[PDB]
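Accompanying notes for the structure given below.
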Amino acid sequence: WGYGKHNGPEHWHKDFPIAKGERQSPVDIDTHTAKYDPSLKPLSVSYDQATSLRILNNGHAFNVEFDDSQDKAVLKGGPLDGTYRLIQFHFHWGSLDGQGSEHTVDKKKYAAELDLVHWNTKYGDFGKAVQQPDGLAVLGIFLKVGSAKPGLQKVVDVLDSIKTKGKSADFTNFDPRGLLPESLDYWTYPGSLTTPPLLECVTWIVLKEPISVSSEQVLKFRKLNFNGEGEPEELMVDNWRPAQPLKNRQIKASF
Ligand SMILES: [Zn+2]
């Protein structure tokens with residue numbers, strides 16, 4: 001599976017039938033139809049004690065891994081029940097600044113989308129969790145192009161080292177707090193993973209307020225390779241999946 005003309009998202013259903021299930025992601029957030037729900041609690045992001053380990057190019061994106069052996073970086077509150085531990089974060093970007101994000105707002109596409117993946121500690125590990133309806137919590141943040149983001153530069157600067165598929169680099173002392181928007185106002189709905197196995201085990205939390213990245217920042221993202229080292233070069237661009245049908249589901253807003 002991949003993002004080209006022949007193994008792209010329109011083909012995923014052949015191997016991953018849940019590709020056309022009832023709670024697929026991403027979706028288009030219609031802000032006039034989203035429901036303001038007063039019973040929604042504020043998000044609780046505890047990342048001060050986060051331990052980053054490495055960065056790797058898995059052939060579809062680049063993932064920043066964190067030590068989740070203990071409650072060091074956790075997410076709670078909001079529409080969640082229990083404590084969700086950060087496992088990794090990754091992005092989805094386009095070839096141009098006019099597309100990238102997976103989740104869209106009023107049909108608007110952002111330059112890229114940052115997803116923080118967390119799993120429910122009541123299930124013991126990540127693997128058990130993906131087998132559960134309330135198994136994961138993904139925090140989505142849109143990136144728009146304007147001013148640079150100091151907090152993202154450490155990541156940008158290490159991309160040269162993991163150009164191709166399979167490459168990884170030690171990546172310690174990286175603080176995720178530097179990627180959060182000022183406001184934690186959000187939209188929430190029941191969905192799934194956006195890449196196979198598309199397991200419908202996620203509670204999505206999409207932040208209203210986007211973060212800005214400079215053009216050059218984003219540029220470094222478009223220099224990645226889908227391919228392994230020593231193969232023809234496939235630039236890693238447009239690794240995002242198209243919005244899926246809402247199908248009954250309701251999108252709730254915390255504002
Ligand atoms: Zn993703």
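Identifiers in this document derive from the order of the structure tokens: chains are assigned A, B, ..., residues are numbered from 1 separately in each chain, and ligands are numbered from 1 in order of occurrence.
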Write out, as CSV, each residue of stretch 99-175 of chain A that has an atom at most 12 Å from stretch 13-33 of chain A, together with the closest pair of atoms and their distance in Å to one decimal, counting only C-alpha atoms, rows going by chain and rising number.
residue,atom,partner,partner_atom,distance
A:101,CA,A:26,CA,9.3
A:102,CA,A:26,CA,5.7
A:103,CA,A:26,CA,5.0
A:104,CA,A:28,CA,4.7
A:105,CA,A:29,CA,4.7
A:106,CA,A:30,CA,5.0
A:107,CA,A:28,CA,6.1
A:108,CA,A:28,CA,8.5
A:109,CA,A:28,CA,9.5
A:113,CA,A:26,CA,11.1
A:115,CA,A:26,CA,11.5
A:133,CA,A:23,CA,10.3
A:138,CA,A:25,CA,11.2
A:140,CA,A:26,CA,10.3
- All residues having an atom within 8 Å of ligand 1 (only C-alpha atoms and all ligand atoms) as a ChimeraX atom specification: /A:90-92,102,113-115,193-195,240
- Task: Can you pull out every residue within 12 Å of residue A:228, counting only C-alpha atoms, but drop anything in the same chain fewer than 3 positions away, and send it as a PyMOL selection string?
- Result: chain A and resi 57-60+162-167+224-225+231-236
- Item | Selection near stretch 146-154 of chain A, 7 Å with only C-alpha atoms, sequence-local residues under 2 positions removed, as a list in words | residues 144, 156, 157, 158, 178, 179, 212, 213, 214 and 215 of chain A
- For residue A:136, which residue among A:202, A:159, A:74, A:87 is the nearest when counting only C-alpha atoms?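 Nearest candidate to residue A:136 out of A:202, A:159, A:74, A:87: A:202.
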- Residue among A:247, A:196, A:86, A:229 lying closest to residue A:7, counting only C-alpha atoms: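 Closest to residue A:7, using only C-alpha atoms: A:196.
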- Query: Please, what distance in Å, to one decimal, runs between atom CA of residue A:217 and atom CA of residue A:176?
  - Reply: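 Between these atoms lies a distance of 16.7 Å.
Distances to residue A:245 were evaluated for A:191, A:64, A:142, A:230 using only C-alpha atoms, and the minimum falls at A:191.
For the pair atom CA of residue A:38 and atom CA of residue A:79, the separation is 11.3 Å.
Using only C-alpha atoms for every distance, the candidate list A:201, A:192, A:62, A:254 yields A:201 as the residue closest to residue A:127.
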- Message: Which of stretch 37-196 of chain A end up as alpha helix (DSSP H) when DSSP is run on this backbone - answer as an MDAnalysis selection string?
- Response: chainID A and resid 126:129 153:158
Can those selected residues be exported to a file as a PDB file, in the first residue's frame so that it contains N, CA and C atoms?
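What ended up in selection_2.pdb:
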ATOM      1  N   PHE A 126       0.203  -1.186  23.477  1.00  0.00           N
ATOM      2  CA  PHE A 126      -0.302  -0.601  22.232  1.00  0.00           C
ATOM      3  C   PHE A 126      -1.104  -1.605  21.376  1.00  0.00           C
ATOM      4  N   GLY A 127      -0.497  -2.749  21.328  1.00  0.00           N
ATOM      5  CA  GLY A 127      -1.078  -3.875  20.572  1.00  0.00           C
ATOM      6  C   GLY A 127      -2.402  -4.295  21.061  1.00  0.00           C
ATOM      7  N   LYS A 128      -2.622  -4.251  22.356  1.00  0.00           N
ATOM      8  CA  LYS A 128      -4.012  -4.653  22.869  1.00  0.00           C
ATOM      9  C   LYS A 128      -4.976  -3.597  22.535  1.00  0.00           C
ATOM     10  N   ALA A 129      -4.549  -2.343  22.700  1.00  0.00           N
ATOM     11  CA  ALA A 129      -5.344  -1.182  22.472  1.00  0.00           C
ATOM     12  C   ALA A 129      -5.982  -1.018  21.085  1.00  0.00           C
ATOM     13  N   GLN A 153      12.175  23.002  14.683  1.00  0.00           N
ATOM     14  CA  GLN A 153      13.505  23.022  14.005  1.00  0.00           C
ATOM     15  C   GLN A 153      14.384  21.838  14.328  1.00  0.00           C
ATOM     16  N   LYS A 154      14.390  21.361  15.535  1.00  0.00           N
ATOM     17  CA  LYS A 154      15.205  20.165  15.910  1.00  0.00           C
ATOM     18  C   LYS A 154      14.804  18.987  14.964  1.00  0.00           C
ATOM     19  N   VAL A 155      13.471  18.897  14.763  1.00  0.00           N
ATOM     20  CA  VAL A 155      13.017  17.826  13.875  1.00  0.00           C
ATOM     21  C   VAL A 155      13.446  18.027  12.402  1.00  0.00           C
ATOM     22  N   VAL A 156      13.278  19.288  11.995  1.00  0.00           N
ATOM     23  CA  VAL A 156      13.662  19.625  10.611  1.00  0.00           C
ATOM     24  C   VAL A 156      15.104  19.313  10.369  1.00  0.00           C
ATOM     25  N   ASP A 157      15.995  19.745  11.213  1.00  0.00           N
ATOM     26  CA  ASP A 157      17.393  19.538  11.087  1.00  0.00           C
ATOM     27  C   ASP A 157      17.834  18.076  11.073  1.00  0.00           C
ATOM     28  N   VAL A 158      17.057  17.200  11.649  1.00  0.00           N
ATOM     29  CA  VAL A 158      17.498  15.739  11.636  1.00  0.00           C
ATOM     30  C   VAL A 158      16.953  14.963  10.458  1.00  0.00           C
TER      31      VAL A 158
END
- Message: Using Å and a single decimal, report how far atom CA of residue A:210 sits from atom CA of residue A:182.
- Response: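 These atoms are spaced 9.1 Å apart.
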